[PDB]
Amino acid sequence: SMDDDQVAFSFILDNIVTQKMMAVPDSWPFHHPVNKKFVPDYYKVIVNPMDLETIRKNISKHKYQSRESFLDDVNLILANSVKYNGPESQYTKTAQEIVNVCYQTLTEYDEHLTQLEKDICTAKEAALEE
């Protein structure tokens, strides 16, 4: 209702992740960091690994003040799979649908998230004045 803007924004981001993005068919390889046991050279090819659980952990620490830095990490999941698996691999097409669902949901909530983003930024600027 008031002064809870960051808490609310993060709460919505987590629900987008758990309810929309993690619900993509066969998306489970993206729910957690790549297990080196199964992909022995992943961390030698991908310099900035990223996954949905890592994004949730970021959300719980309130890393994202706007959807833009949230989308940076989401789009990073797709670009990593493009680099490691190739553009037409089934992994990449799954990750591409994870990204699509993310954008579709953000667009559904656009006006609402803009309001939270404005209030979060103006509060941070006013709090750093002191």
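So that the term is clear: the rigid core is the largest set of C-alpha atoms that superpose within 1.5 Å between two forms. Residue positions are given as counts along the sequence shown, with the first one as 1.
Student: Superpose by the rigid core: which stretch, 35-43 or 93-101, shows more Cα shift in 8 other deposited structures of this protein?
Tutor: Once the core is superposed, the stretch further away in 8 other deposited structures of this protein is 35-43.
Student: Where do the C-alpha atoms have the higher mean temperature factor in this entry, in 55-63 or in 83-91?
Tutor: In the deposited entry, the stretch with the higher C-alpha B-factor mean is 83-91.
Student: Considering only modelled residues of the same chain, in which third does the CA B-factor of residue 27 rank: lowest, middle or highest?
Tutor: For residue 27, whose C-alpha B-factor we compare with every modelled residue in the chain, the answer is the lowest third.
Student: Lowest, middle or highest third of the chain for the C-alpha temperature factor of residue 121?
Tutor: Highest third.
Student: Ranking the modelled residues of this chain by C-alpha B-factor as given in the entry, is residue 49 in the lowest, middle or highest third?
Tutor: Residue 49: CA B-factor falls in the middle third of its chain.
Student: C-alpha B factor of residue 39, ranked within the chain: lowest, middle or highest third?
Tutor: Top third by C-alpha B-factor.
Student: Can you tell me which third, lowest, middle or highest, the CA B-factor of residue 107 falls into for its chain?
Tutor: Highest third, going by the recorded CA B-factors of the chain.
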